Amino acid sequence: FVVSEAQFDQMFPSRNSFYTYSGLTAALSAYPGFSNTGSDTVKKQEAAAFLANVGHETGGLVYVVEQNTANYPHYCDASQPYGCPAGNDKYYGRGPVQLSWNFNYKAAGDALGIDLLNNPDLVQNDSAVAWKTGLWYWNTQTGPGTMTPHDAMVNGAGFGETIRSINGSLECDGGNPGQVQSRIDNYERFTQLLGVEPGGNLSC
Ligand SMILES: [Zn+2]
Ligand SMILES: [Zn+2]
């Protein structure tokens, strides 16, 4: 992995001890192309971009679960034939990308070979599963964007497209210049740590 344990440690000094480097390395096999496509520069830019986004969404990995508990019953899409079997309020944000919604627990679980729809707490109770859901989103989902974050970094669309795809709908397009700048600054710090250039098109 192009991020060493010592680098990961420096990246997230306030982290909840739930989030382990070993859990992350265990997760990598689910997406062997992740941080392993293109030049070593691109590999490191991708790793830094993933981890910067993760830092933003979880408060430097301090948090495992979504903190606004009032929102919990919100993530049940009752139109799904498979419904919300764990409970209407059990599909709240968990793990490095704050995986949310019954339909995303379903899709992620199907892709990973884990029954996350019927066991969503696995994402808050197991480090490897948590990291695997982050890599599932990064490598397969466009979110509110037009490309996967993996594609943005490997094909050179730039870091800004990853902001758009990872909970950036209220921040991009001039929505929240402060949050966009904060996200860019974190990515620049992580690329600096890894000893690579950040590349272009940093903003959205
Ligand atoms: Zn737009
Ligand atoms: Zn944000």
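Values reported hereafter were calculated over all heavy atoms of this structure, with side chains retained and with hydrogens, waters and symmetry mates removed. Counting begins at 1 with the first residue of the sequence.
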For [X] against [Y], the heavy-atom pair lying closest together:
{"X": "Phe34", "Y": "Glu46", "answer": "CD1-OE2, 3.4 Å"}
{"X": "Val62", "Y": "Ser14", "answer": "CG2-O, 3.2 Å"}
{"X": "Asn139", "Y": "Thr148", "answer": "O-CG2, 3.9 Å"}
{"X": "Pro96", "Y": "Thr58", "answer": "O-CG2, 3.5 Å"}
{"X": "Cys204", "Y": "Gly160", "answer": "CB-O, 3.6 Å"}
{"X": "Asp173", "Y": "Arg164", "answer": "OD1-NH1, 3.1 Å"}

If we check side chain to side chain contact (heavy atoms under 4.5 Å, CB included) with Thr41, which of these qualifies: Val2, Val196, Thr191, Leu194? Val196

Consider side chain to side chain contact (heavy atoms under 4.5 Å, CB included). Of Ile163, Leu202, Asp185, which one does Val180 pass it with? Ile163

Cluster question for you: counting only ILVMFWY and a side-chain heavy-atom cut-off of under 4.5 Å, with indirect links fine, are [X] and [Y] together?
{"X": "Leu28", "Y": "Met153", "value": "yes"}
{"X": "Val3", "Y": "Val154", "value": "no"}
{"X": "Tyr91", "Y": "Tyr63", "value": "no"}
{"X": "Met147", "Y": "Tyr137", "value": "no"}

Near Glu197 CD, under 6.0 Å, is it more than 12 heavy atoms from other residues, nucleotides or ligands? no

Would the number of heavy atoms belonging to other residues, nucleotides or ligands and lying under 6.0 Å from CD of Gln80 be above 12? yes

Measure from the ring center of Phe12 to the ring center of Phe190 and say whether it is less than 6.0 Å. yes

Donor-acceptor contact below 3.5 Å, side chain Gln98 vs main chain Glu66: yes

Measure the acute angle between the ring planes of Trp138 and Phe50, then classify it against the limits of 30° and 60° as parallel, tilted or perpendicular. perpendicular

Give me the ring orientation class for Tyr92 and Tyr72: parallel if the planes are under 30° apart, tilted from 30 to 60°, perpendicular past 60°. parallel

